[PDB]
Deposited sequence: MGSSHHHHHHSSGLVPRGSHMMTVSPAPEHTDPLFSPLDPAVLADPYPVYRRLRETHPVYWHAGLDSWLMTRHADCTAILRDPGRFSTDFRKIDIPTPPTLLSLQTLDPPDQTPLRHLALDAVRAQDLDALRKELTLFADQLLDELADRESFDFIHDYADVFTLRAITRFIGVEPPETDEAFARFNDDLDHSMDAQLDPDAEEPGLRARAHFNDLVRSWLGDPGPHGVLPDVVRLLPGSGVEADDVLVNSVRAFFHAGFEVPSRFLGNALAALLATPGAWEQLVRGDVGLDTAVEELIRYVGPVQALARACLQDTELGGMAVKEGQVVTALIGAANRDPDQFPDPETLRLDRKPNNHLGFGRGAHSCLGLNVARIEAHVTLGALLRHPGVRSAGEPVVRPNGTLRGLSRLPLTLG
(Lines of atoms letter the chains of each structure in order from A and count residues from 1; the text may use other names and numbers.)
(Lines give C-alpha, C1' and ligand atoms only; values in the text may rest on other atoms or scores of the structure.)
Protein backbone atom coordinates (compact mmCIF):
# COMPACT_ATOMS: atom_id res chain seq x y z
CA UNK A 1 0.00 0.00 0.00
CA UNK A 2 1.38 3.41 -1.01
CA UNK A 3 -0.11 5.24 2.00
CA UNK A 4 0.02 2.79 4.91
CA UNK A 5 1.82 -0.54 5.32
CA UNK A 6 1.44 -1.44 9.03
CA UNK A 7 4.24 -4.03 8.94
CA UNK A 8 6.77 -2.10 6.84
CA UNK A 9 9.95 -2.02 9.01
CA UNK A 10 10.23 1.76 8.56
CA UNK A 11 6.63 2.14 9.74
CA UNK A 12 7.04 -0.08 12.80
CA UNK A 13 10.07 1.97 13.87
CA UNK A 14 7.94 5.13 14.04
CA UNK A 15 4.34 4.73 12.79
CA UNK A 16 3.04 8.07 14.09
CA UNK A 17 4.41 10.35 11.33
CA UNK A 18 2.78 7.89 8.87
CA UNK A 19 -0.43 7.96 10.92
CA UNK A 20 -0.35 11.77 10.89
CA UNK A 21 0.15 12.10 7.15
CA UNK A 22 -2.53 9.51 6.39
CA UNK A 23 -4.90 11.44 8.68
CA UNK A 24 -4.12 14.71 6.89
CA UNK A 25 -5.04 13.33 3.45
CA UNK A 26 -7.39 10.34 3.96
CA UNK A 27 -8.77 10.35 7.52
CA UNK A 28 -11.21 7.63 6.36
CA UNK A 29 -9.15 5.39 4.09
CA UNK A 30 -10.04 2.13 2.41
CA UNK A 31 -7.07 -0.25 2.71
CA UNK A 32 -7.39 -3.00 0.11
CA UNK A 33 -4.66 -5.11 1.73
CA UNK A 34 -6.35 -5.20 5.17
CA UNK A 35 -9.74 -5.28 3.40
CA UNK A 36 -11.01 -2.67 5.84
CA UNK A 37 -11.66 1.03 6.27
CA UNK A 38 -9.06 2.86 8.35
CA UNK A 39 -10.31 5.67 10.62
CA UNK A 40 -7.50 7.82 12.07
CA UNK A 41 -9.58 10.63 13.64
CA UNK A 42 -10.73 10.79 17.25
CA UNK A 43 -14.33 11.72 16.40
CA UNK A 44 -14.74 8.86 13.91
CA UNK A 45 -13.16 6.26 16.20
CA UNK A 46 -15.34 7.44 19.08
CA UNK A 47 -18.48 7.11 16.95
CA UNK A 48 -17.39 3.65 15.78
CA UNK A 49 -17.03 2.38 19.36
CA UNK A 50 -20.27 3.89 20.75
CA UNK A 51 -22.79 2.30 18.33
CA UNK A 52 -22.91 -1.49 18.74
CA UNK A 53 -26.02 -1.82 16.56
CA UNK A 54 -24.05 -0.14 13.76
CA UNK A 55 -20.47 -1.39 14.35
CA UNK A 56 -20.42 -4.79 16.04
CA UNK A 57 -17.76 -6.99 17.62
CA UNK A 58 -19.75 -10.10 16.58
CA UNK A 59 -18.49 -10.76 13.06
CA UNK A 60 -21.08 -13.54 12.76
CA UNK A 61 -23.57 -10.79 11.90
CA UNK A 62 -21.74 -10.37 8.58
CA UNK A 63 -21.67 -14.18 8.28
CA UNK A 64 -18.08 -14.85 9.36
CA UNK A 65 -18.14 -17.87 11.77
CA UNK A 66 -16.63 -17.53 15.23
CA UNK A 67 -14.28 -20.31 16.40
CA UNK A 68 -15.99 -22.06 19.33
CA UNK A 69 -13.09 -21.35 21.70
CA UNK A 70 -13.16 -17.60 20.95
CA UNK A 71 -16.86 -16.85 21.54
CA UNK A 72 -16.57 -14.71 24.65
CA UNK A 73 -17.32 -11.36 26.28
CA UNK A 74 -15.02 -9.73 23.71
CA UNK A 75 -16.69 -11.20 20.60
CA UNK A 76 -20.30 -10.75 21.75
CA UNK A 77 -22.43 -7.62 21.56
CA UNK A 78 -25.43 -6.56 23.65
CA UNK A 79 -27.73 -8.08 24.69
CA UNK A 80 -25.79 -11.36 24.32
CA UNK A 81 -22.69 -9.83 26.05
CA UNK A 82 -24.64 -7.93 28.77
CA UNK A 83 -24.79 -10.64 31.52
CA UNK A 84 -21.08 -11.50 31.08
CA UNK A 85 -20.07 -7.85 30.94
CA UNK A 86 -21.86 -7.11 34.23
CA UNK A 87 -20.59 -10.29 35.89
CA UNK A 88 -17.02 -9.35 35.00
CA UNK A 89 -17.67 -5.74 36.10
CA UNK A 90 -19.09 -6.92 39.43
CA UNK A 91 -16.15 -9.26 40.05
CA UNK A 92 -13.55 -6.60 39.23
CA UNK A 93 -15.12 -3.89 41.37
CA UNK A 94 -15.18 -6.22 44.40
CA UNK A 95 -11.36 -6.34 44.38
CA UNK A 96 -9.27 -4.35 46.88
CA UNK A 97 -7.18 -2.01 44.73
CA UNK A 98 -5.36 -0.45 47.70
CA UNK A 99 -4.11 -3.90 48.72
CA UNK A 100 -2.97 -4.59 45.16
CA UNK A 101 -1.07 -1.28 44.94
CA UNK A 102 0.72 -2.08 48.20
CA UNK A 103 1.87 -5.54 47.14
CA UNK A 104 2.82 -4.42 43.62
CA UNK A 105 4.93 -1.64 45.15
CA UNK A 106 6.78 -4.36 47.07
CA UNK A 107 7.23 -6.52 43.97
CA UNK A 108 8.44 -3.66 41.77
CA UNK A 109 11.05 -2.60 44.36
CA UNK A 110 12.25 -6.24 44.72
CA UNK A 111 12.59 -6.67 40.94
CA UNK A 112 14.42 -3.41 40.29
CA UNK A 113 16.65 -3.77 43.36
CA UNK A 114 17.86 -7.08 41.93
CA UNK A 115 18.26 -5.67 38.40
CA UNK A 116 20.12 -2.66 39.81
CA UNK A 117 23.19 -4.91 40.03
CA UNK A 118 23.30 -5.49 36.26
CA UNK A 119 25.19 -3.21 33.90
CA UNK A 120 22.48 -3.70 31.26
CA UNK A 121 19.23 -5.65 31.22
CA UNK A 122 16.13 -6.03 29.07
CA UNK A 123 13.27 -4.12 30.70
CA UNK A 124 10.73 -6.17 28.72
CA UNK A 125 11.91 -9.64 29.74
CA UNK A 126 13.17 -8.82 33.24
CA UNK A 127 10.52 -6.35 34.45
CA UNK A 128 7.49 -5.67 32.22
CA UNK A 129 6.66 -9.33 31.63
CA UNK A 130 7.53 -10.43 35.18
CA UNK A 131 5.74 -7.49 36.84
CA UNK A 132 2.54 -7.75 34.80
CA UNK A 133 2.34 -11.55 35.06
CA UNK A 134 2.52 -11.29 38.85
CA UNK A 135 -0.12 -8.55 38.81
CA UNK A 136 -2.70 -10.42 36.65
CA UNK A 137 -2.20 -13.75 38.53
CA UNK A 138 -2.67 -12.05 41.92
CA UNK A 139 -5.61 -9.98 40.60
CA UNK A 140 -7.40 -13.00 39.17
CA UNK A 141 -6.42 -15.10 42.19
CA UNK A 142 -4.71 -18.04 40.48
CA UNK A 143 -1.24 -19.51 40.66
CA UNK A 144 1.03 -20.11 37.65
CA UNK A 145 1.23 -23.82 36.76
CA UNK A 146 4.59 -25.21 37.83
CA UNK A 147 5.09 -26.78 34.39
CA UNK A 148 4.50 -23.41 32.63
CA UNK A 149 5.10 -20.72 35.24
CA UNK A 150 5.24 -17.99 32.56
CA UNK A 151 2.10 -19.16 30.69
CA UNK A 152 4.41 -19.39 27.67
CA UNK A 153 2.27 -21.94 25.84
CA UNK A 154 -0.58 -19.41 25.72
CA UNK A 155 1.35 -16.34 24.53
CA UNK A 156 0.72 -17.30 20.88
CA UNK A 157 -3.89 -24.27 13.77
CA UNK A 158 -3.88 -27.36 15.98
CA UNK A 159 -1.11 -26.15 18.37
CA UNK A 160 -3.14 -22.97 18.77
CA UNK A 161 -6.35 -24.91 19.41
CA UNK A 162 -4.42 -27.19 21.77
CA UNK A 163 -3.06 -24.25 23.76
CA UNK A 164 -6.52 -22.74 24.17
CA UNK A 165 -7.99 -26.13 25.12
CA UNK A 166 -5.24 -26.59 27.72
CA UNK A 167 -5.89 -23.10 29.11
CA UNK A 168 -9.62 -23.81 29.26
CA UNK A 169 -8.89 -26.96 31.28
CA UNK A 170 -6.93 -24.86 33.78
CA UNK A 171 -9.82 -22.38 34.00
CA UNK A 172 -12.37 -25.10 34.75
CA UNK A 173 -10.11 -26.46 37.49
CA UNK A 174 -9.82 -22.94 38.94
CA UNK A 175 -13.59 -22.47 38.80
CA UNK A 176 -14.11 -25.84 40.50
CA UNK A 177 -11.66 -25.12 43.35
CA UNK A 178 -11.42 -21.34 43.67
CA UNK A 179 -8.74 -19.72 45.80
CA UNK A 180 -9.34 -17.48 48.80
CA UNK A 181 -9.39 -14.22 46.85
CA UNK A 182 -9.43 -12.60 43.43
CA UNK A 183 -11.64 -11.92 40.44
CA UNK A 184 -12.12 -15.62 39.58
CA UNK A 185 -13.27 -16.67 43.12
CA UNK A 186 -15.71 -13.68 43.05
CA UNK A 187 -16.98 -14.74 39.63
CA UNK A 188 -17.74 -18.15 41.14
CA UNK A 189 -19.60 -16.60 44.07
CA UNK A 190 -21.47 -14.14 41.84
CA UNK A 191 -22.27 -16.61 39.06
CA UNK A 192 -25.52 -17.93 40.63
CA UNK A 193 -28.18 -15.38 39.73
CA UNK A 194 -25.94 -13.57 37.24
CA UNK A 195 -27.84 -14.66 34.14
CA UNK A 196 -24.56 -16.22 32.96
CA UNK A 197 -24.22 -19.98 32.43
CA UNK A 198 -20.95 -21.63 33.57
CA UNK A 199 -20.36 -22.72 29.96
CA UNK A 200 -17.69 -22.42 27.27
CA UNK A 201 -18.38 -18.70 26.77
CA UNK A 202 -17.61 -18.02 30.43
CA UNK A 203 -14.43 -20.12 30.30
CA UNK A 204 -13.38 -18.42 27.07
CA UNK A 205 -14.06 -15.04 28.69
CA UNK A 206 -11.79 -15.85 31.63
CA UNK A 207 -9.06 -16.72 29.14
CA UNK A 208 -9.62 -13.44 27.28
CA UNK A 209 -9.64 -11.57 30.59
CA UNK A 210 -6.21 -13.01 31.42
CA UNK A 211 -4.76 -12.00 28.05
CA UNK A 212 -6.32 -8.54 28.24
CA UNK A 213 -4.56 -8.14 31.60
CA UNK A 214 -1.17 -9.59 30.59
CA UNK A 215 0.12 -8.78 27.09
CA UNK A 216 -1.55 -5.33 26.83
CA UNK A 217 -0.18 -3.86 30.13
CA UNK A 218 3.28 -5.47 29.53
CA UNK A 219 3.46 -3.75 26.13
CA UNK A 220 2.33 -0.43 27.62
CA UNK A 221 4.98 -0.40 30.36
CA UNK A 222 7.70 -0.95 27.77
CA UNK A 223 6.25 1.65 25.41
CA UNK A 224 5.94 4.21 28.20
CA UNK A 225 9.52 3.91 29.43
CA UNK A 226 10.87 3.91 25.86
CA UNK A 227 8.98 7.15 25.16
CA UNK A 228 10.19 8.72 28.41
CA UNK A 229 13.80 7.88 27.54
CA UNK A 230 13.52 8.88 23.86
CA UNK A 231 11.91 12.27 24.59
CA UNK A 232 14.60 14.78 25.65
CA UNK A 233 13.95 16.03 29.18
CA UNK A 234 10.90 13.82 29.78
CA UNK A 235 12.58 11.66 32.43
CA UNK A 236 14.27 14.64 34.09
CA UNK A 237 10.86 16.31 34.37
CA UNK A 238 9.67 13.32 36.39
CA UNK A 239 12.84 13.18 38.50
CA UNK A 240 12.51 16.91 39.27
CA UNK A 241 8.88 16.61 40.39
CA UNK A 242 7.75 19.07 37.70
CA UNK A 243 4.74 16.90 36.79
CA UNK A 244 2.45 14.55 38.70
CA UNK A 245 2.43 10.84 37.96
CA UNK A 246 -1.35 10.70 37.52
CA UNK A 247 -1.38 13.12 34.58
CA UNK A 248 1.88 11.69 33.23
CA UNK A 249 0.44 8.17 33.09
CA UNK A 250 -2.61 9.40 31.16
CA UNK A 251 -0.38 11.30 28.72
CA UNK A 252 1.77 8.21 28.21
CA UNK A 253 -1.36 6.18 27.42
CA UNK A 254 -2.41 8.75 24.82
CA UNK A 255 1.10 9.08 23.40
CA UNK A 256 2.16 5.43 23.14
CA UNK A 257 -0.74 3.28 24.30
CA UNK A 258 -0.24 -0.22 22.89
CA UNK A 259 -3.65 -0.76 21.26
CA UNK A 260 -3.34 0.50 17.68
CA UNK A 261 -6.46 -0.91 16.02
CA UNK A 262 -9.97 -1.97 17.05
CA UNK A 263 -11.94 -3.70 14.30
CA UNK A 264 -15.73 -3.59 13.95
CA UNK A 265 -18.22 -5.03 11.47
CA UNK A 266 -20.45 -2.46 9.77
CA UNK A 267 -24.13 -3.50 10.10
CA UNK A 268 -25.71 -0.37 8.56
CA UNK A 269 -24.58 1.84 5.63
CA UNK A 270 -22.78 4.85 7.18
CA UNK A 271 -21.00 7.91 5.80
CA UNK A 272 -17.74 8.76 7.61
CA UNK A 273 -15.24 11.37 6.49
CA UNK A 274 -17.21 11.60 3.27
CA UNK A 275 -16.77 7.87 2.62
CA UNK A 276 -19.65 5.46 2.00
CA UNK A 277 -19.06 2.60 4.43
CA UNK A 278 -21.37 -0.28 3.51
CA UNK A 279 -23.01 -3.02 5.54
CA UNK A 280 -20.83 -6.12 5.54
CA UNK A 281 -17.59 -4.11 5.42
CA UNK A 282 -15.01 -4.03 8.20
CA UNK A 283 -13.95 -0.75 9.80
CA UNK A 284 -10.79 -0.38 11.88
CA UNK A 285 -10.58 2.36 14.51
CA UNK A 286 -6.87 3.25 14.61
CA UNK A 287 -7.09 4.55 18.16
CA UNK A 288 -3.31 4.82 18.28
CA UNK A 289 -3.64 7.41 15.53
CA UNK A 290 -6.83 8.97 16.92
CA UNK A 291 -4.98 9.67 20.18
CA UNK A 292 -2.66 11.97 18.19
CA UNK A 293 -5.48 13.70 16.29
CA UNK A 294 -4.83 17.47 16.22
CA UNK A 295 -8.60 18.08 16.19
CA UNK A 296 -8.73 16.63 19.73
CA UNK A 297 -5.26 17.26 21.21
CA UNK A 298 -3.19 20.43 20.72
CA UNK A 299 0.44 19.73 19.85
CA UNK A 300 -0.52 16.04 19.48
CA UNK A 301 2.89 14.74 18.34
CA UNK A 302 4.54 16.25 21.44
CA UNK A 303 4.76 14.43 24.78
CA UNK A 304 3.27 16.84 27.35
CA UNK A 305 3.30 15.04 30.70
CA UNK A 306 1.07 17.76 32.23
CA UNK A 307 -1.56 17.64 29.46
CA UNK A 308 -5.06 18.63 30.59
CA UNK A 309 -7.69 17.93 29.37
CA UNK A 310 -6.82 14.50 27.90
CA UNK A 311 -9.83 12.62 26.49
CA UNK A 312 -7.73 9.82 25.05
CA UNK A 313 -9.16 6.56 23.69
CA UNK A 314 -6.44 4.30 25.08
CA UNK A 315 -8.95 2.36 27.20
CA UNK A 316 -11.63 2.15 24.51
CA UNK A 317 -15.19 3.41 24.72
CA UNK A 318 -18.71 2.09 25.03
CA UNK A 319 -19.89 -1.47 25.51
CA UNK A 320 -16.41 -3.06 25.27
CA UNK A 321 -14.43 -0.41 27.15
CA UNK A 322 -11.53 -1.67 29.25
CA UNK A 323 -12.51 -3.25 32.60
CA UNK A 324 -8.97 -3.30 34.01
CA UNK A 325 -8.12 0.36 33.43
CA UNK A 326 -7.75 1.11 37.14
CA UNK A 327 -5.45 -1.88 37.53
CA UNK A 328 -3.46 -0.70 34.49
CA UNK A 329 -3.08 2.77 36.01
CA UNK A 330 -1.91 1.34 39.34
CA UNK A 331 0.65 -0.79 37.48
CA UNK A 332 2.03 2.19 35.55
CA UNK A 333 1.97 4.47 38.59
CA UNK A 334 3.81 1.89 40.70
CA UNK A 335 6.40 1.20 38.00
CA UNK A 336 7.26 4.87 37.48
CA UNK A 337 7.51 5.58 41.20
CA UNK A 338 9.76 2.54 41.63
CA UNK A 339 12.00 3.56 38.72
CA UNK A 340 12.18 7.11 40.10
CA UNK A 341 13.65 5.61 43.29
CA UNK A 342 16.79 4.86 41.22
CA UNK A 343 19.10 7.76 40.32
CA UNK A 344 20.49 6.67 36.96
CA UNK A 345 17.70 5.31 34.75
CA UNK A 346 19.01 5.48 31.19
CA UNK A 347 18.91 3.49 27.97
CA UNK A 348 21.71 1.01 27.32
CA UNK A 349 21.10 0.06 23.70
CA UNK A 350 18.62 0.40 20.90
CA UNK A 351 15.03 -0.74 21.45
CA UNK A 352 13.66 -3.54 19.28
CA UNK A 353 10.05 -3.25 18.12
CA UNK A 354 7.78 -6.27 17.78
CA UNK A 355 6.51 -6.87 14.21
CA UNK A 356 2.92 -6.17 15.24
CA UNK A 357 0.71 -3.45 13.78
CA UNK A 358 -2.31 -4.20 16.01
CA UNK A 359 -0.83 -4.33 19.54
CA UNK A 360 2.35 -2.24 19.49
CA UNK A 361 5.14 -3.27 21.84
CA UNK A 362 8.88 -3.77 22.21
CA UNK A 363 10.68 -7.09 22.26
CA UNK A 364 13.82 -5.60 23.84
CA UNK A 365 14.40 -2.41 25.85
CA UNK A 366 18.04 -2.37 27.00
CA UNK A 367 18.24 -0.34 30.18
CA UNK A 368 20.38 0.36 33.23
CA UNK A 369 19.37 1.87 36.57
CA UNK A 370 22.81 3.16 37.57
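- According to the record, no C-alpha positions are given for deposited positions 1-31, 188-201, numbered from 1.
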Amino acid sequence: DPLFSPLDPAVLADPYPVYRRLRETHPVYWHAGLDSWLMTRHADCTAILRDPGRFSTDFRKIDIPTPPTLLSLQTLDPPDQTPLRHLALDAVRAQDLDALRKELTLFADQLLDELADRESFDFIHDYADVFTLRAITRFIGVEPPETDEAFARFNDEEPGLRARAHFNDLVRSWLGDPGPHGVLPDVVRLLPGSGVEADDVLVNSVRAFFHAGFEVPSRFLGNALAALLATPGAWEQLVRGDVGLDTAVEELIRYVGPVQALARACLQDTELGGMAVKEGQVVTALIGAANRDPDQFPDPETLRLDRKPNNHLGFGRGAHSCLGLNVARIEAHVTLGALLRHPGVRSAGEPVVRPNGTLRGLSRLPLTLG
From here on, numbers count along this sequence of modelled residues.
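- Stretches 281-289 and 248-256 differ in mean CA B factor, with 281-289 having the higher one.
- Legend: mean Cα B-factor per stretch from the PDB entry, 211-219 versus 267-275; the higher mean is in 267-275.
- Highest C-alpha temperature factor among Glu103, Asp156, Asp90, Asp126 per the entry: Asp156.
- Note on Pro67, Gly337, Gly324, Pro309: the highest value goes to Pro67, judged by CA B factor as recorded.
- In this PDB entry, the Cα temperature factor of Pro9 sits in the top third of its chain's modelled residues, the highest group.
- In the PDB entry, a CA B factor belonging to the lowest third of its chain's modelled residues is recorded for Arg329.
- Sorting the modelled residues of the chain by their CA temperature factor places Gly182 in the lowest third.
- Ranked against the other modelled residues of its chain, the C-alpha B-factor of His26 as given in the entry falls in the highest third.
- Per the PDB record, residue ranking by Cα B-factor puts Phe315 in the lowest third of the chain.
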